[PDB]
Each structure stands twice: as structure tokens, then as C-alpha cells.
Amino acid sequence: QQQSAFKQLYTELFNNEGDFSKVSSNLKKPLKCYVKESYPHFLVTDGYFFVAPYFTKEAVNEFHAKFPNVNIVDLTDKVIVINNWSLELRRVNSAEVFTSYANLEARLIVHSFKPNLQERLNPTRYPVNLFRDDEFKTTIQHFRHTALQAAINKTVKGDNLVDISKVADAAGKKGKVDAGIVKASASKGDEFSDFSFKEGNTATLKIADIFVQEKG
């Protein structure tokens, strides 16, 4: 039995080809989480791992209304409650976004979150980046491996085996190692991208724009 709500949610999403609908329903309940940081990076925890929530322009406008005396970028060390959320897979550049891995990321789309101001949460373990967890990195590697194996088995065909005479009886023969390089898929650039899941798309807000919106 998984204790980390975030890990179970994100794992199931990846193990279900980003199809958030196929993910367990008994998990789509409200999420009470402690805020570890609010700027420059807003990060929340579930008592085990920390993740970065993505607020829609509607989400922040709602929050601001119901709670005028409250600033989101100041929710550090405070606990919030996300009542309406969803999960979606997005292609990213893991070299820039640290809350990702292998150029992939599972995003927590926050539609409506209420700030349970001044609520002390039970003492837990120090929160760690979920995308740095062993098992989760492995789960993601399984995802890519599955997509890679399918793409390769479709792209590579005809058993184009290196002729045996090229390796045996080749004392006066010389070759270049790049001869063993084989394109894994019909991908465009130099990076593998032949995935099947449909990349989620939901206009979200950067944590910087909200900062200026509350203290330009």
C-alpha cells in the first residue's frame, strides 16, 4: 500500500499512458498539502514528496476573490486544500524544469484551492523531489522503454544483418563505428519523440506573473 498520495497518483498516470480518466477514481478526492515554498518556485508536499502545482488563470482569480486578504506567493509554510484538480502529461526540457525527468513531466492542474490559513500539520520526513525518486524515475524509464520498443519494432525491419564476411576475414578491412547507428524511429530531430500518449494542453500561469499581480 502506497503512502505517498502524490507518488501513487503520478505513477498511475504514467502507467496509464497519461490517460487521467483511466486512473483510479477513489484518488480524485481533495488534496490537503503543506506548502514548502512559494517563490521563486511554488512547491507543495503530501508528507513524503514535493511537487509543483500549476494554477490556471481561473484558479488564481477564484482564490484572490474568495480570499482578498491572502497572497499566494506568501503561502510558504502554510497548508492549502485543492478541491478541484487534474493530472496531465506534458513534454518538457528536463534541463530547465527540475520537477521533471527524461524530458517528461506529470502536471498537477489546480482549478480551485482554498488556503486553510494557520493549520499546523503533523511532523513528517523532509520532502524530496518526486522526480528524483528511484522508483518513480524507473517508472518513467519503463514508459519510455515501452514507447521506444514499439517505435523500433515498427521502424526497424527486414533483418538487415551485417554480412558475416565484413567481420570475419577482415584483416585488410577498416570501418567506421557510426555504421552501427540505427534510427529508432521516424523522429524529426536528434531526440526520440515517437510517443503515443496525447500531450495534455491547458493554459497555465507562471509563478512569476502572479508575483507581479500581487506586488508588481
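We number the residues from 1 along the sequence you see. For the two forms, the rigid core is made up of the largest set of C-alpha atoms that agree within 1.5 Å on superposition.
Visitor: Could you tell me which of the two stretches, 136-144 or 116-124, has its Cα atoms lying farther from the shown structure in 9 other deposited structures of this protein after fitting on the rigid core?
Guide: Output: 116-124, the stretch lying farther off on average in 9 other deposited structures of this protein.
Visitor: Using only the Cα atoms and their B-factors as the entry lists them, report which of 124-132 and 85-93 averages higher.
Guide: According to the PDB entry, the answer is 85-93.
Visitor: As stated in the PDB record, which stretch has the larger average Cα B-factor, 199-207 or 11-19?
Guide: Per the deposited B-factors, the answer is 199-207.
Visitor: Taking the Cα B-factors listed in the entry, which of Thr146, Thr138, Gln118, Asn103 comes out highest?
Guide: In this record, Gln118 carries the highest C-alpha B-factor of the candidates.
Visitor: Please pick out which of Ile181, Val70, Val162, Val51 has the largest Cα B-factor as recorded in the entry.
Guide: The record points to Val70.
Visitor: Lowest, middle or highest third: which one holds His64 when the chain's residues are ordered by CA B-factor from the entry?
Guide: Highest third.
Visitor: Please place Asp46 in the lowest, middle or highest third of its chain according to the CA B-factor in the PDB entry.
Guide: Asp46: CA B-factor falls in the lowest third of its chain.
Visitor: State the tercile, meaning the lowest, middle or highest third, of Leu27 with respect to the CA B-factors recorded for its chain.
Guide: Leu27: CA B-factor falls in the highest third of its chain.
Visitor: Lowest, middle or highest third: where is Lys154 by Cα B-factor in its chain?
Guide: CA B-factor rank for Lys154: middle third.
Visitor: For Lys173, does the deposited CA B-factor place it in the lowest, middle or highest third of the chain?
Guide: CA B-factor rank for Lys173: middle third.
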